[PDB]
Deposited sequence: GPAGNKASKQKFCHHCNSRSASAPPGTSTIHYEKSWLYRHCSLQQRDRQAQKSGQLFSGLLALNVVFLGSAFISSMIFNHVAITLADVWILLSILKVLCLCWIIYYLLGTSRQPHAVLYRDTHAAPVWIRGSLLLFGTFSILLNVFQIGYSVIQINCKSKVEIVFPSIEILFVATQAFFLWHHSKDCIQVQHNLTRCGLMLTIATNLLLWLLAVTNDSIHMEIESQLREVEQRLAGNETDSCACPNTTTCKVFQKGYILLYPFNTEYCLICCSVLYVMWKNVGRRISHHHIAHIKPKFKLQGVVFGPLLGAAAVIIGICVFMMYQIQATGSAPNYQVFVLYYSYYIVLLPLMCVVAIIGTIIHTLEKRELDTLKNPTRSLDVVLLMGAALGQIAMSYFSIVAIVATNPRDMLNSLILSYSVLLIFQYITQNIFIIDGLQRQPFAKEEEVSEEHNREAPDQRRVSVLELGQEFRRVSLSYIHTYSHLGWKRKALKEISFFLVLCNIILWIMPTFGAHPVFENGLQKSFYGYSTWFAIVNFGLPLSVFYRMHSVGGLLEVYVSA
């Protein structure tokens, strides 16, 4: 009874997803026929339909009798929502001030985007864990339309190389440099906001809808120092050669300690004798993006010449990142089902390390993008698609693993 309408809402969602994916892919492949303005028209129609549905929800569905995690997904949702609203404000200011020889087309589509980020954030803040009871089949089609729009927006954010190559054409002055800097710096925030919204809307139509801290704090402070140094050097010019080595050597100092600590915690777990499935599949599927991008990096270094200074640091960094993802995944999946104090230090050290490793890969001009090594191997558009597919998924993995390791810490 429920699963049948669930299937029908899924058919609506898959038809909208595959139609929009055909439009976006025709924008990638056959660029002369399908224009980005047509994709914006389709996504604007779809966004306005989601606006009418969530407005009808907030005004006339949430008032009849319905049925009678919660701290970090909501906070990251408001954070990434605020920064994506700011990103679209930066895009509007980039549209209106420098290039004044335009029509009124490229201002309306980010304005509906601003409105859509705003009221979806307000709607997902309050109405997340509330099992809808009055209008089942309308709510499932509405939520699946919203998920389809978020997936099409994420796909456009992944494969949209248009402004990112347009900005770097002029780079080959008073406020337009501020606007370009802010747009490039804030571009992963919308791409990860789409994934956060997809996760919480999926939850609310699937289930809903029927000593150690001292070293950890030292790691967080040194990570903040190298991150602010790389970001100050990065948004001032084409940054440097040595700051790459500094960032990657911070990675090669931190990540083997996390591998060794995760392996030790796994041995301690061997020395002692629905929600869990969604947590497992979220951890694995979020790990796959960074594992895939780093395997592309491994092949891209060993096919070219290794044994340069930082070029050996990217290789070792990628291999240690794979190994850290794997051992940390084994540690978390084993952890969800003199010893206890040691394991508490392990878990809180990994929590603080995951927080500083969460804040770092979401700020635009990342050093896995800003080398001429994977670029001019796969190419700009291909490596842009790989990086924007992988790095928001690594941010999602860091968030979800912060939650899992905080559950381990109070276990």
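Numbered from 1 along the deposited sequence, what ranges are absent from the coordinates? 1-49, 118-124, 229-246, 285-304, 368-375, 440-487, 562 are the stretches of the deposited chain that have no C-alpha coordinates in the structure.
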